[PDB]
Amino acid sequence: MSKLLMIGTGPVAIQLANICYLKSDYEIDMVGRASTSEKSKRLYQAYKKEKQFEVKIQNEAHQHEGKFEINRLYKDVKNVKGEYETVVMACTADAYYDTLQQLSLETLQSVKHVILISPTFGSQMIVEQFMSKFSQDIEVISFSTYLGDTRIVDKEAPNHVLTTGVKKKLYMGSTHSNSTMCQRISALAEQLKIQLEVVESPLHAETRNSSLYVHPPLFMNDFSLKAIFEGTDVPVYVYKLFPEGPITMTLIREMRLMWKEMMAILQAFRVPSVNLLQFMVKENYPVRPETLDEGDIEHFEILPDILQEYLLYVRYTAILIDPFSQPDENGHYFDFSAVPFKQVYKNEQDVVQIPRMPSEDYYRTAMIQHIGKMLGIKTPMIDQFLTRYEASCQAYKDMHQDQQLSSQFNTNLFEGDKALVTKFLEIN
């Protein structure tokens, strides 16, 4: 019978494992890195003891809930034995290569489908090129993003996760147009009440994620980078205006410029372009009618380069509050924009980590840089983003020679991934 390998043991992997448990005929195996990660250990110990996972639901609009037991929970990728026709990557995109490469030849040659839950731009190119050495005909499926928001509500019971929110719309593409797997997914989406736009390549679904265009400007600037690698004297906030946070005319210019460099790479691949404003306004969170002209967001992409900036700037000020929340007796709304920055932190073994943001945006940006390099496309804003982050890494190293740092502070990361997209694009 059909085996499925789930790579990742966090809340995304658990939600996904439950969907397969309930709505597929796969026997499910799960693997983390409980040998080298206190987090994956806590998950291992907890599943071991209880012999169950549980998804709970917050809005009764969702029936992903359920308790469930999987077939085998592995402790490390290296223990994985045997054949699996389907492998779901529920880990972070910068680990897709590190983890597949640790699988056995028998495992890698048995695989028919690789499904990428939170891929970045070009993850499929990396994953297809890798698998191609062992699978003649590997199918690779990229999603735009994960289906919603799920979280551990108690760190001492990480096998119990909570899905708080579900996205409106997802996109999905495959190396195999309208494959049999594509069809089960959009049929599974239908059961889940999750609108799924099937898209024509995985790369195309990978560009329908808004954070790919707005996280690099928000986080890889001197303001944000100081807040993360060094303190601030006073709490400072991701989505507020300077001096309370990073947003300025300059940041918004940096965002439009990256958007346009990305649209260059996307036209190269004959991938359609993303109306960034309209994307944010219909598929992220609405603002009041009175705030944005409907023709301004429809025709966003025709508009002059400073009108585009002006409309992006305005969008971010509309969200400093939640304009659909219930006002105070004093006129005051929910402070939607007081999201703090996670700073650098020592893990359980006293090793400094960089938080997900910006260290996942260094990976995505470093890959987008590399693709654009080899299309002969110039990425000057991307370029600046990366030197900024690297100088902040080098400065942390110099300022903190008394400390164990993590592999994230290292030079020349992702040589593996960079070579796979090189082989891929030459051959393709």
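When you see a residue number, it is the position in the sequence shown, counting from 1.
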When mean C-alpha B-factors in the record are compared for 262 to 270 and 306 to 314, the larger belongs to 262 to 270
Ranked by mean Cα B-factor in the entry, 296 to 304 and 115 to 123, top stretch is 296 to 304
Can you tell me which of 326, 99, 150, 224 has the highest Cα temperature factor in the record? 326
Reading the B-factor column for Cα atoms of 28, 55, 375, 31, the highest value belongs to 375
By its CA B factor, does residue 406 count among the lowest, middle or highest third of the modelled residues in the chain? middle
Ranked by Cα temperature factor within the chain, is residue 413 in the lowest third, the middle third or the highest third? middle
Chain third (lowest, middle, highest) by recorded CA B-factor, residue given as residue 387: highest
By its CA B factor, does residue 206 count among the lowest, middle or highest third of the modelled residues in the chain? middle
Temperature factor at the Cα of residue 40, chain-ranked in thirds, falls in the lowest
